[PDB]
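Encoded as C-alpha cells, the structure appears first; notes follow it.
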Amino acid sequence: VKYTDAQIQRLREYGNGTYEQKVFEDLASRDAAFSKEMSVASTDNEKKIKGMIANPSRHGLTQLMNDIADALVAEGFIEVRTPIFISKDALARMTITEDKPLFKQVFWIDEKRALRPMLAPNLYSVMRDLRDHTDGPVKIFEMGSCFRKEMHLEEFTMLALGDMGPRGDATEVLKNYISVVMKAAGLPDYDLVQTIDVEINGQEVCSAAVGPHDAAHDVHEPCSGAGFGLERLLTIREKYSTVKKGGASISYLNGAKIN
Amino acid sequence: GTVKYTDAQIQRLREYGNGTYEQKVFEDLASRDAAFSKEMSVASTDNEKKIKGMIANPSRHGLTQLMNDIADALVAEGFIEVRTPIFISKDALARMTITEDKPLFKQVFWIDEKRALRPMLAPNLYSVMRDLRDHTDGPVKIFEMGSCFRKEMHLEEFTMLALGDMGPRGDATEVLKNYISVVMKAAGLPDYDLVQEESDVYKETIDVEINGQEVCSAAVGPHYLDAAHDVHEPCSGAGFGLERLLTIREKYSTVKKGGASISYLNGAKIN
Ligand SMILES: [N]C1=N[C]=NC2=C1N=[C]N2[C]1O[C]([C]OP([O])(=O)(OP([O])(=O)OP([O])([O])=O)/O=C(\[O])[C]([N+])[C]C2=[C][C]=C3[N]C4=C([C]=[C][C]=[C]4)C(=O)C3=[C]2)[C]([O])[C]1[O]
Ligand SMILES: Nc1ncnc2c1ncn2[C@@H]1O[C@H](COP(=O)(O)OP(=O)(O)OP(=O)(O)O)[C@@H](O)[C@H]1O
Ligand SMILES: [Mg+2]
Ligand SMILES: [Mg+2]
Ligand SMILES: [Mg+2]
Ligand SMILES: [Mg+2]
Ligand SMILES: [Mg+2]
C-alpha cells in the first residue's frame, strides 16, 4: 500500500517530508506509519514556529530576493520597481489579446486596467527609455508580485531581468545571467530546455528568450530577458511539500503552518 | 514682489526638477517667466546628470534600500518579518469597520464581489499576530512591507510598512513610541513630531509628522477593534508610508518619483 490521497494531503498540511514515495505491506502498517509521521510533522512544525518567534529573521522570500538582487547588481544590473497596474493597451502590445489563453487569466481592475500577469511590459518600457540616455547596453531587473486567475498561486513573485542593446553571443550571455541567478538562489543544478526554459527535475522555474521583438517601432534594439518564479525556487530549495508555504500567506510563515 | 510661478509652471518645473519652486516670488510676469525659462533648463540638466550616474553605477532601488534598512533594524529588535497576500476579503474589511457607508470603503479596489486589493496591512497582520499568540506567552512583534491600494502626497499604489506589537512588556504607548523611533532613525529621518489626530477606524491616532506632513499613523487598540480580531490584551501598531519617507529624505518635489514607476527612477524622470 501507499499513503492514501487524503493521507498525503493531511501529512503535507503541517509536514514538509516526501510522503508520496512511501510503500507499505498492509493497511495496518500504512496506518501505523501515518500516525507516526503525522505526529512528527505536527511537533516539528510547532518547534519551528517557536524558533521564529524566539529568533526572528528576515522573511525567507525577502532573503531570496536580496540574495539574487545583490548578485545581479554586482553583474551591472540596475534594479527597478514598476507599478502593479498595467493598461489593456500594454497587454495588447504584449500580444495578450482577447483570444490568447493568458488574457482569460487577467484580473481586471476597471475597463482599461489590470493587475500585471508578468513584468515584461513594464521592464521593456523602462529599458527602452534608459537606452535613450546612453550609448551602451542597459541591464535591469525587477522583483515583484504578478497575478493570474488559477505550483500555481494567484499571486506570485516574479524576478524579471533584461539586457537591451549591442551584445555579442546573446545566447551565451543570457545563459550566464541564468547561471548568476540560479547560483545566487542556492540552486546550482538545473536543466536548460527548449527561447530557453529552466527546469529542476522536470519542473519549470524560468522562461527566457532572445529577441522578443515592440510593434510601435519598425527598428528594434537587440534584447534578451528571463523570468523566474521565486516561490517555486524557494519551495524547491527548502523542500517544502507545497508551493503555498514559503511566500505570502496568512496560514504559513517560512514553511510552517501558524494555525 | 507678490508674483509666484503659476500652478502650471510649478508642475512643469517639478516634472524634471527637485527644487523648491513654490517659494519663489517675483516683481512681475516678465521676471517670473524669465526665471521659469532658466530654471526649466537647470532642472532638465540636473535630471540628465542623475540618470547618467545611475547608468554608470548600477544600484539597488532607493525604495528597496529603504525597506532593507528599516527591516534590518526591526529584526535586530526581535520583530518577525511577514509577507501576506495583497488580496483580502470583504469580511476582513468589515472587521476593520470599513463598511459600505465609510469613506475608505469608497476607495477600495474590488477584484470580485468578495475580494479586494488591501488598502492597509492591518487586516492580515491582525490575523497573523493572533495566530502567533497561540505559540508564545511573550510579546508578539511582527511587521510587513508591501503594496497597498486606494482610489485617489497620494499614490494609488503605495508601500506601507506596518508593525504590530501584542502583549508588550511595559506601557503600550511608550513601547509604540520607541518602535516609531527605531523606524524613523533607521530611515534616516531622526527629526519628527508626534501629533494626536482623529481617526474613523482608530478613534484617535498618534501620527508622525515632518514639517506638518503625515508619514505614519499609529494607535493602541482601540479595544473594539482588537476584540473584533479576537485580541484581548494590550496591542498597538503603526503604518508608515515608505514613499512619503523617501520623498522627504531625498527632497524630491513630488511623491511619484521615489517608488514604483515607468516614468521615474530614483528621483529622475527617464522619459
Ligand atoms: N494614497 C497614499 N499614498 C501614499 N502613502 C499613503 C497613502 N495613503 C496612506 N499612505 C501612508 O500610509 C500611512 C498609514 O495610512 P493611513 O493612516 O490610513 O493614511 P491616511 O490617514 O488616510 O492618510 P492621509 O495622508 O490621506 O491623511 O493609516 C492606516 O491605514 C493605519 N492602518 C496605520 C495603522 C495604525 C495602527 C495600526 N495598528 C495595528 C496594525 C496591525 C496589527 C495590530 C495593530 C496596523 O497595521 C496599524 C496600522 C499614512 O500615514 C501615509 O504615510
Ligand atoms: N501562477 C503562478 N504561480 C507561481 N509561479 C508562476 C505562476 N505563473 C508563472 N509563474 C512563474 O513565472 C515564470 C514566468 O514564466 P511564464 O509567465 O511563461 O509562465 P507559464 O508558462 O504560465 O508557466 P506554467 O506552465 O508553469 O504555468 C514561470 O517560469 C513560473 O516560474
Ligand atoms: Mg501558466
Ligand atoms: Mg513559461
Ligand atoms: Mg487617506
Ligand atoms: Mg490622515
Ligand atoms: Mg493616517
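A note on names: the letters A, B, ... follow the listed sequences, proteins ahead of strands, and every chain is numbered from 1. Reckoned from all heavy atoms, side chains included, excluding hydrogens, waters and symmetry mates.
- Residues passing the side-chain contact (heavy atoms from CB on, under 4.5 Å) test with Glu172(A), sequence neighbours excluded: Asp169(A), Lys175(A).
- A donor-acceptor pair is defined here as one N or O able to donate and one able to accept, closer than 3.5 Å; such a pair exists between the side chain of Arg237(A) and the backbone of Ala185(A).
- Proximity of a side-chain donor or acceptor of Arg232(A) to a complementary backbone N or O of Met151(A) within less than 3.5 Å is detected.
- The side-chain hydrogen bond (donor to acceptor under 3.5 Å, both in side chains) test applied to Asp67(A) returns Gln63(A), not counting sequence neighbours.
- Using a 4.5 Å heavy-atom threshold, the side chains of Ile70(B) and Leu66(B) count as touching.
- Between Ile258(A) and the options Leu132(B), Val82(B), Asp134(B), a side-chain contact (heavy atoms from CB on, under 4.5 Å) holds for only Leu132(B).
- By the 4.5 Å heavy-atom criterion applied to side chains, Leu230(A) and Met158(A) are not counted as neighbours.
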For the pair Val106(A) and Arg148(A), evaluate side-chain contact (heavy atoms from CB on, under 4.5 Å) and give the outcome as yes or no after the intermediate values. CA-CA 6 Å; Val106(A) 167; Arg148(A) 298 176 190 192; over 6 Å; no
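- Closest heavy-atom contact between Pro119(B) and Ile88(B): CD-CD1, 3.9 Å.
- Applying the side-chain contact (heavy atoms from CB on, under 4.5 Å) criterion to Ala73(B), with sequence neighbours excluded, gives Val182(B), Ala186(B).
- One distance of note links CD1 of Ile84(A) with CD1 of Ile86(B); it measures 4.0 Å at 0.5 Å rounding.
- Atoms CG and SG, on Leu123(A) and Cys223(A) in that order, are 8.5 Å from each other to the nearest 0.5 Å.
- Heavy-atom contacts from other residues, nucleotides or ligands closer than 6.0 Å to NZ of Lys244(A) number 12 or fewer.
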Begin from the C-alpha positions of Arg83(B) and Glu155(A) and carry the test salt bridge (charged side-chain N to carboxylate O under 4.0 Å, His left out) through to its verdict. CA-CA 12 Å; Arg83(B) 302 186 72 86; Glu155(A) 178 187 355; over 6 Å; no
Does the side-chain hydrogen bond (donor to acceptor under 3.5 Å, both in side chains) test come out yes or no for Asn259(A) and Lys257(A), once each step is laid out? CA-CA 6 Å; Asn259(A) 65 339; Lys257(A) 185 161 163 72; 2.8 Å; yes
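- Relative ring orientation between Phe24(A) and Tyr3(A) is described as tilted, the plane-to-plane angle lying within the 30° to 60° band.
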Residues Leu117(B), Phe85(A); criterion side-chain contact (heavy atoms from CB on, under 4.5 Å); working and verdict: CA-CA 11 Å; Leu117(B) 304 182; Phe85(A) 292 171; 3.7 Å; yes
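- The residues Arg12(A) and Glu20(A) are annotated as salt-bridged, a charged nitrogen and a carboxylate oxygen being separated by less than 4.0 angstrom.
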Could you give me the CA-CA distance, side-chain angles and deciding distance for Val128(B) and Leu253(A), then say whether side-chain contact (heavy atoms from CB on, under 4.5 Å) is met? CA-CA 9 Å; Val128(B) 172; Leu253(A) 175 63; 5.6 Å; no
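- Looking at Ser39(A), its side chain does come within 3.5 Å of a backbone N or O of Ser35(A) through a donor-acceptor pair.
- Between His61(B) and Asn266(B) the shortest side-chain heavy-atom distance falls below 4.5 Å.
- Interatomic distance, CD1 of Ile250(A) versus OG of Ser127(B), reported as 4.0 Å (0.5 Å rounding).
- Counting only distance, with no hydrogens or angles, the side chain of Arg118(B) and the backbone of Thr84(B) share a donor-acceptor pair below 3.5 Å.
- Counting only distance, with no hydrogens or angles, the side chain of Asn122(A) and the backbone of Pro83(A) share a donor-acceptor pair below 3.5 Å.
- Within 6.0 Å of atom NZ in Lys47(A), 12 or fewer heavy atoms from other residues, nucleotides or ligands are found, so the atom counts as exposed in its surroundings.
- Not counting sequence neighbours, the partners of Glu231(A) by the side-chain hydrogen bond (donor to acceptor under 3.5 Å, both in side chains) test are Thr157(A).
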Step by step, would you call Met182(A) with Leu233(A) a side-chain contact (heavy atoms from CB on, under 4.5 Å)? CA-CA 9 Å; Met182(A) 291 305 283; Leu233(A) 296 177; 4.1 Å; yes
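- Residues satisfying the side-chain contact (heavy atoms from CB on, under 4.5 Å) criterion with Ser207(A), sequence neighbours excluded, are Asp197(A), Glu204(A).
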Apply salt bridge (charged side-chain N to carboxylate O under 4.0 Å, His left out) to the pair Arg131(A) and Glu221(A), showing each step before the final yes or no. CA-CA 9 Å; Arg131(A) 284 271 313 115; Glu221(A) 307 250 358; 2.7 Å; yes
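- Judged by distance alone, with hydrogens and angles left aside, the side-chain atoms of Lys141(B) form a donor-acceptor pair with the main-chain N or O of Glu77(B) at under 3.5 Å.
- A heavy-atom distance below 4.5 Å is not found between the side chains of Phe103(A) and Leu91(A).
- In this view, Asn16(A) and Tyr240(A), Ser241(A), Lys245(A) satisfy the side-chain contact (heavy atoms from CB on, under 4.5 Å) rule, not counting sequence neighbours.
- The six-membered or imidazole ring of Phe143(B) lies away from that of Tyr179(B), with a centre-to-centre distance of 6.0 Å or more.
- Between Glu150(A) and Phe156(A), the closest side-chain pair of non-hydrogen atoms is not below 4.5 Å.
- For the atom pair CG (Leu119(A)) and CD (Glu142(A)), the distance works out to 5.0 Å, reported to the nearest 0.5 Å.
- In this structure, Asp129(A) contributes its side chain and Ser263(B) its backbone to no donor-acceptor pair below 3.5 Å.
- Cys206(A) is not listed as a side-chain neighbour of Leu159(A), based on a closest heavy-atom distance of 4.5 Å or more.
- Between the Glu81(B) side chain and the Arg58(A) main chain, no donor and acceptor come within less than 3.5 Å of each other.
- Distance check, rounded to the nearest 0.5 Å: CG of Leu163(B) to CD1 of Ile180(B) gives 7.5 Å.
- A 6.0 Å sphere centred on CG of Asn201(A) holds no more than 12 heavy atoms belonging to other residues, nucleotides or ligands.
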